């Protein structure tokens, strides 16, 4: 097995493509209730030769995992977001040192709960994220510090058919914009599920104007 689950850092993770030619890296953060293997097929479609850090959430949820505790749908334990985001920030640095990851060439790609870890990371621990791709995200932090996100490019992909979570996307665009992020937000015909249309857009966004 070329990419076993590595468990001696703060978060379990698999490291894929580390011997391939690209200097680019993607940190992958899965949706709730699943594991770190789930975004690997999408990631490969996006960047087949990138080093992938496929990280696992620390909170069990059924047969999978999640990134921070939920109180009820749309409402999350704020102490949990803070703790897990702090832990993940430390982990990024550990993982980067260990594997020679260039964080000036790294994208943080999250789905749903994982996207909401990434956006929280940007707001709570500045200086780590430069590029973020947020698939079906929503605002999760009740109190946001006055963090300056100037220079960060963020892609958001909302689903038109995402009945439950679609309505919260404008608020996230406003929030990240106000803090100085360069936001590129899309609505696609998809629901809450992600797939090839998402990969096509992330690729297009990475390739730049």
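Residue numbers count along the first chain shown, from 1.
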Please compare 168-176 with 143-151 and say which has the higher mean C-alpha temperature factor in the record. 143-151
Selection by C-alpha B-factor (highest) of 25, 188, 185, 16: 25
Taking the C-alpha B-factors as the PDB entry records them, is residue 201 in the lowest, middle or highest third of its chain? middle
State the tercile, meaning the lowest, middle or highest third, of residue 39 with respect to the CA B-factors recorded for its chain. middle
Which third, lowest, middle or highest, does the CA B-factor of residue 84 fall in along this chain? lowest
Pull the Cα B-factor of residue 60 out of the PDB entry and bin it into the chain's lowest, middle or highest third. highest
State the tercile, meaning the lowest, middle or highest third, of residue 136 with respect to the CA B-factors recorded for its chain. lowest
